[PDB]
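Enquirer: Just dropping this structure here.
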Amino acid sequence: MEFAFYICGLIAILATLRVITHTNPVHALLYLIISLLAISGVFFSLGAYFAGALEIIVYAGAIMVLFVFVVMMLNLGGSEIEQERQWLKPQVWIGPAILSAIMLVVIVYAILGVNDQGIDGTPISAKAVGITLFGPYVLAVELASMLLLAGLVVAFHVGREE
Amino acid sequence: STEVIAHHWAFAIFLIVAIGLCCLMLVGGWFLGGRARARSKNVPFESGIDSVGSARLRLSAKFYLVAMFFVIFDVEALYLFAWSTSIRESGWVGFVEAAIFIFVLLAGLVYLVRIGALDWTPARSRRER
Amino acid sequence: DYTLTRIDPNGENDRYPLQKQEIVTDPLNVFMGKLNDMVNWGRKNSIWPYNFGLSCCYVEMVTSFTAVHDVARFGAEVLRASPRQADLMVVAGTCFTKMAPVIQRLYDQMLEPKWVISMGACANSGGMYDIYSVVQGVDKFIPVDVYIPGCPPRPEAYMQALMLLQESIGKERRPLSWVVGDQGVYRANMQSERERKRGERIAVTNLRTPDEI
Amino acid sequence: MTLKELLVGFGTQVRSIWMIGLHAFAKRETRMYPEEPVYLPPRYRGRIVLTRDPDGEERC
Amino acid sequence: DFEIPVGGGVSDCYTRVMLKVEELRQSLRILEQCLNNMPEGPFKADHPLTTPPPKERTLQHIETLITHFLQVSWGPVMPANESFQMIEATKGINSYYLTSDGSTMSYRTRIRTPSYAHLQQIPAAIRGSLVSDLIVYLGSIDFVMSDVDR
Amino acid sequence: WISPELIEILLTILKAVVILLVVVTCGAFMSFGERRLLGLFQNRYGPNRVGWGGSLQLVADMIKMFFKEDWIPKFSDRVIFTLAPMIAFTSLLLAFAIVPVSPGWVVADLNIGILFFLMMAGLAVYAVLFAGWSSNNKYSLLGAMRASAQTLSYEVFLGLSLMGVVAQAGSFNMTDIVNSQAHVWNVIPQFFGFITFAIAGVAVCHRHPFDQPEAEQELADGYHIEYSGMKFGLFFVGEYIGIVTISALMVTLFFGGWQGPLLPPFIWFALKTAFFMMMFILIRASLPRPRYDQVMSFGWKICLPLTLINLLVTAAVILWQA
Ligand SMILES: CCCCCCCCCCCCCCCCCC(=O)OC[C@H](COP(=O)(O)OCCN)OC(=O)CCCCCCCCCCCCCCCCC
Ligand SMILES: CCCCCCCCCCC1=C(C)C(=O)C(OC)=C(OC)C1=O
Ligand SMILES: CCCCCCCCCCCCCCCCCCCC
Ligand SMILES: CCCCCCCCCCCCCCCCCCCC
Ligand code: SF4
């Protein structure tokens, strides 16, 4: 169980790093799919089967429309990759790299300072998540439905051609 | 127990043999059979005449509005996935919450249908007259 | 009793077809010959035609595709619309001058192995159309394996030419792999159907009178 | 679309499926070339020959 | 006795296909009428320019042999005139316009075909539509391309 | 290695391997049976010359595909071009890896089940998308866009069609689902769920009438025109494995799976799966292909509210009898 979690975590880290430092949009989307598959594998190793199930179910459709928009605008041959290459320079990425590194080491210092007892890996079924979702957490569900409705209304209002 | 590790091993062997079989038939297809040489072999197929431009042009999909609605409706679907597995223990009150949820869902769907969204077909292709 | 063809588009040869043919002997090994027989059987018993049509001969070809003739029984019905997925180009129609580059392009876009059946008098020689805008035979610029006389040949004649193509494939030699062995294509110099059927054709004495049915 | 149109379309698809199933329960119409010989009419225009007189000499 | 089906004023793909179905039914009616009533006469005219003459008279009469000999070799001599025939083809209206110079060959043969006009009409009726509508329009026009290019 | 637990593990591994080989062989023989069944539907025979009854036609097809040259175009992105047939072959295989064919014969007894099938469908669309984009052809790009529009059409209600079955069974496991149909099959209470899942499952495999990405009449064979050799065969074999997977899943979800009165359970499962396979072929032979905008409008305006109302009515009926 440790092996699957650690291999999926390493794959997720590598695929995210390849995502943020790539010029090809379709290859970046493929590595993003790989990273989210690895994230769902991490979820499955921790016993949260529903979390990994929703990570593959709803993000396969999310990156699908990302592919649709990439085909819609970004694909132009080598010109788009060449234009994306000029925006990335050694100073340009070395600027915020040390900021991300110092933030990461501060958060790691924070993480290591807490007590630990180990994750037992006991599976949590979708039945318990459904009971808690429609039980103690009513208003989260209802106002999340209203939030998604609001986002849908915003998408309709902005995304019209004419 | 023993059944769980047996099932895990069976699933892992299923994955490994499936991927290895796909790779093996890909390798066998690539290695067997002589190659062909032609002047226009490495040209995209466009019914026998050279292309105008290339196939890497940007193509305006008309259903992008439906796509960014599809993501939202997929998330509503995941909420109903979570509800539907625990209907009996949720009780009638949980049925009331899900009824309100689904009523808001159809209200948004009727709103999308009526305002002209989910309708991207051209005027010549609307089958009028 | 074999002919060897090697192709080279990039070599110094301007006129189509870009290939060289000589007359050689049969190269055929206690297992390589049997494996070559097995792949020849698999290729001859599964031929996928190209959905390429020019004229009326293609209409008779797709008449052969339908239920009253059932060329699917020979495994030759799949009818791919892509040249890459097709194994047989049936030039079924007139080889027009404006479409000869199109025919050459579609022949270039097919992949090894490839076979050519010219259907009808137009595809064979230009037929009745000895005119300014018709190529006098598609074999002017592509190599043709099987010829079908007719205008149009009836669908059973198309299946007869398909069986002749199967008999030609079943005794030819081709490179098994593209990394080991000779890459030239060896095709048999078979006896013609005219001299084969001359014994049974000359001995015909009486036929039914045209007033009957 | 109208609900009546949807019901009519569903019944139409069901009816088409039923008729193709009854086609599966029907008789085959194939003439089995080359196992059975192709029937050709007496005045069918195929291969050209040169014929002889009843005396046995060539008629051309 | 046969009917001519007409539409309602809109030339859809469906309307053209159903009109051709009704034309098929009317052709079946014509075939039934002609099967039930076929005359008992000659299959060739008695004109001297009937090409070729009847075969048995050719095989046993010298006048008929001469007419056959000069009609299949040099060709029938049709006197110098212009002729035109317009018929209802399977895909529309087919017309032949023949100019004879008084010789045994046509001086001018003009063939009018309907598929030429339909393919010229194609951009004005499918502009602004999708490609699927174009596929259905191509399937519902009843054209062949020998008809168009001749 | 002499222990009951290790030989039980070996037996379970062997059963999973047997299931995998049988379903792959059944996909290839299902291609052959599609040819024969289309012949049967269209008053003809199909291939009946290669061996007895044409039984060796599939072997000749495999030999031809293996010895047809496999090429990668210079204008294509090679990695994605090789990757797409692998996904098309393997995604619905992994979807089939949860189908219970018999009591004691299942590869994975997952607690997610139909969730895993939804994951594999959402991963299977990317094969057609990658094949359409990577080949760098115009017809392929149009086919990929049509496939994306089709996924927009079907994936909204693909899971909500089966949420009624999940609600009736009270769990996500296929074993619980086939055990919940001990008294009556699920086609009778979940009939709107049945027809909506039939529509969505035919749309999953891109089978007719939902063959928008590869419509030969429209896009001249569509997205996989550059594919040939064993990649083209991978696409077709993966499609046929998808047909088998969707048929078996529908049998387990709406027709009890292996439950039957007199025959052995595998016999009933195979009979119902072959029934739905020949129904796939009957659907392909029978009805024409609609326009994909009409398909999207039908999937959004009709099928999705139908699944929502079906889930609401199913919940009301379940809580009424509880
Ligand atoms: C194991 C899995 C496989 C199982 C096999 C058996 C089941 C297979 C199911 C196949 C389903 C195919 C569904 C096809 C839906 C097509 C809908 C569509 O796009 O229709 C468009 C057409 C015209 O569009 P319209 O909206 O009128 O025009 C607007 C333009 N201004 O509008 C119409 O045509 C209107 C009518 C639409 C009818 C939709 C389909 C009805 C349900 C499917 C057919 C029946 C399936 C079998 C059911 C059980 C039978 C015992
Ligand atoms: C290595 C495995 C190779 C399998 C090859 C299968 C070829 C396709 C057979 C079924 C078929 C399909 C899908 C098909 O698309 C088709 O065209 C309409 C047919 O009829 C001509 C068919 O018979
Ligand atoms: C054309 C405009 C481009 C704007 C680029 C902005 C890039 C900002 C990079 C910031 C890097 C900070 C690194 C750490 C600095 C020291 C710690 C923070 C300040 C006390
Ligand atoms: C057309 C049928 C397709 C079925 C696909 C799935 C088959 C998987 C392989 C099953 C093998 C084992 C069968 C059950 C064995 C135990 C019972 C034996 C007596 C019936
Ligand atoms: S040979 Fe005759 S039937 Fe064939 S294409 Fe030429 S004119 Fe048409």
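When we count neighbours, we look across all protein chains shown, and the Cβ atoms used for this are built from the backbone with ideal geometry, even at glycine. A short reminder: the numbers here are calculations on the coordinates, not readings from a lab.
Enquirer: On average, how many beta carbons from a partner chain sit within 10 Å of the beta carbon of a residue in F:12-22? Working shown, then result.
Expert: Numbers: counts 10, 9, 2, 2, 10, 4, 0, 2, 6, 2, 0.
The mean count of partner-chain Cβ atoms within 10 Å per residue comes to 4.
Enquirer: At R0 = 25 Å, how high is the FRET efficiency between B:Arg126 and D:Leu7 if r is their beta carbon distance? Nearest 0.05 is fine. If you can, show how the numbers build up before the last one.
Expert: Working: r = 23 Å, r/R0 = 0.92.
In this case the efficiency is close to 0.65.
Enquirer: Continuing with the same structure: When Cβ neighbours within 10 Å are restricted to other protein chains, what is their mean count per residue of peptide C:145-157?
Expert: Average per residue, whole number: 2.
Enquirer: How do E:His68, F:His224, F:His206 rank when sorted from fewest to most other Cβ atoms within 10 Å of their own Cβ?
Expert: Fewest-to-most Cβ neighbours within 10 Å comes out as E:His68, F:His206, F:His224.
Enquirer: Under a point-charge model restricted to the Cβ atoms of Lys and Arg (+1) and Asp and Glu (-1), what is the dipole moment magnitude of the protein assembly as shown relative to its Cα centre, in debye to the nearest 20?
Expert: The calculation lands at about 960 debye.
Enquirer: 7 Å from Cα along Cα→Cβ at both D:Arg52 and C:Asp8: what's the point-to-point distance in nm?
Expert: Between D:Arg52 and C:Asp8, the label points sit 5.5 nm apart.
Enquirer: While we're looking at this one, here's another question. Would you mind computing, in nm to one decimal, how far apart the modelled labels at C:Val62 and A:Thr23 are, each placed 7 Å from Cα along Cα→Cβ?
Expert: 4.7 nm
Enquirer: Then there is this: List the trypsin sites (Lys or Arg not before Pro) within segment F:1-89 that fall in a DSSP loop (any state other than H, G, I, E or B) and whose Cβ has at most 11 other Cβ atoms within 10 Å.
Expert: F:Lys74
Enquirer: A follow-up question, please. Non-local amide H neighbours of F:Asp221 (under 5 Å, H modeled in plane, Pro and chain starts lacking H): which ones?
Expert: F:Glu216
Enquirer: Rounded to whole Å and sorted largest first, what semi-axes of the equivalent ellipsoid does the C-alpha gyration tensor of segment A:1-159 yield via the square root of 5 times each eigenvalue? Walk me through the numbers before you get to the answer.
Expert: Working: eigenvalues 202, 132, 58 Å².
Working from the Cα gyration tensor, I get semi-axes of 32, 26, 17 Å.
Enquirer: Using amide H atoms built in the peptide plane, which far-off residues or other-chain residues are under 5 Å from A:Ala48 H to H?
Expert: Sorted by chain and number, the residues that satisfy this are A:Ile124.
Enquirer: What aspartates and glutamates could a cross-link reach from C:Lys140, if we take a straight Cα to Cα line under 15 Å and drop same-chain neighbours fewer than 8 places away?
Expert: C:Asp14, C:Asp130
Enquirer: Using a ≥ b ≥ c from the Cα gyration tensor of chain E (square roots of the eigenvalues), is it rounded, prolate or oblate, where a/c under 1.5 gives rounded and otherwise the larger of a/b and b/c decides, a/b for prolate? List each step's numbers first, then the result.
Expert: Working: a/c = 3.51, a/b = 1.79, b/c = 1.96.
The shape class here is oblate.
Enquirer: Follow-up question, since we're still on this one. Tell me whether segment F:1-152 comes out rounded, prolate or oblate; compute the Cα gyration tensor, take square roots of the eigenvalues as a ≥ b ≥ c, and use a/c under 1.5 as the rounded threshold.
Expert: Oblate, since a/c reaches 1.5 and b/c is not below a/b.
Enquirer: Leaving out same-chain residues fewer than 8 places away, which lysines sit with a Cα under 25 Å from that of C:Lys171?
Expert: Cross-link targets: C:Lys20, C:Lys34, C:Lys44, C:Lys114, C:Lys197, F:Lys64, F:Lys68.
Enquirer: What does the convex hull of the Cα atoms of chain B come to per residue, in Å³, rounded to a whole number?
Expert: 265 Å³
Enquirer: A follow-up question, please. Where in segment E:1-61 are there GluC sites (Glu not before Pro) that are in a DSSP coil and have at most 15 other Cβ atoms within 10 angstrom of their Cβ?
Expert: In loop regions of segment E:1-61 (DSSP not H, G, I, E or B), the sparsely surrounded GluC sites (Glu not before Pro) are E:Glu3, E:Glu40.
Enquirer: Fewest to most neighbouring Cβ within 10 Å: what's the order for A:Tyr109, A:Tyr137?
Expert: Values: A:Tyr109 9, A:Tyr137 13.
With the fewest neighbours first, A:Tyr109, A:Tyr137 line up as A:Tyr109, A:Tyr137.
Enquirer: How would you classify chain F from its alpha-carbon gyration tensor, with a ≥ b ≥ c the square roots of the eigenvalues: rounded for a/c under 1.5, else prolate if a/b is greater than b/c, otherwise oblate?
Expert: oblate
Enquirer: Follow-up question, since we're still on this one. Based on C-alpha coordinates, I'd like the Rg and Dmax of segment F:145-292, in Å.
Expert: Both quantities, over Cα of segment F:145-292: 16.7, 51 Å.
Enquirer: Still on this structure, I have one more. Give the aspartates and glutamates whose C-alpha is closer than 16 Å to that of A:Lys127, dropping any in the same chain fewer than 8 places away, or say none.
Expert: The reachable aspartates and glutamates, counting only those whose Cα sits under 16 Å from A:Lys127, are B:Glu89, F:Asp176.
Enquirer: Rounded to a whole number, what is D in µm²/s for the protein assembly as shown from Stokes-Einstein with the Kirkwood radius over alpha-carbon pairs (25 °C, 0.890 mPa s)?
Expert: Details: Rh = 33.1 Å.
Estimated diffusion coefficient is 74 µm²/s.
Enquirer: If we count other beta carbons within 10 Å of each Cβ, what is the order of F:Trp105, D:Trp18, fewest first?
Expert: Placing the least packed residue first, the sequence is D:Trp18, F:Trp105.
Enquirer: Please give the average number of partner chain Cβ atoms lying within 10 Å of the Cβ of each residue in D:39-47, rounded to a whole number. Working shown, then result.
Expert: Working: counts 0, 3, 4, 7, 7, 3, 1, 5, 4.
Counting other chains' Cβ atoms within 10 Å and averaging over D:39-47 gives 4.
Enquirer: Taking every pair of alpha-carbon atoms in segment C:2-203, give the share separated by more than 32 Å as a whole percent.
Expert: Cα-Cα pairs of segment C:2-203 separated by over 32 Å account for 17 percent.
Enquirer: Tell me which of D:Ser16, D:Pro34, D:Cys60 sits at the most positive position along the dipole axis of chain D, charges placed on C-beta atoms (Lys, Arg +1; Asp, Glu -1).
Expert: D:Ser16
Enquirer: Would you calculate a helix-derived [θ] at 222 nm for the protein assembly as shown, using -39,500 (n - 2.57) for each DSSP H run of n ≥ 4 and dividing by the full residue count, to the nearest 500?
Expert: Calculated at 222 nm, the ellipticity per residue is -18000 deg cm²/dmol.
Enquirer: Using only Cα atoms, what is the ratio of the radius of gyration of segment C:13-97 to 2.2 N^0.38 Å?
Expert: Values: Rg = 17.1 Å, N = 85, 2.2 N^0.38 = 11.9 Å.
Normalised Cα radius of gyration, segment C:13-97: 1.44.
Enquirer: Sticking with this one: Within 10 Å of each candidate Cβ there may be at most 16 other Cβ atoms; applying that plus a DSSP loop requirement, which GluC sites (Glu not before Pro) in segment D:16-60 survive?
Expert: D:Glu29, D:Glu35, D:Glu57
Enquirer: Once chain D is represented by equal point scatterers at the alpha-carbon sites, with solvent omitted, what log10 I(q)/I(0) does the Debye formula produce at q = 0.27 Å⁻¹?
Expert: These q points yield log10 I(q)/I(0) values of -1.07.
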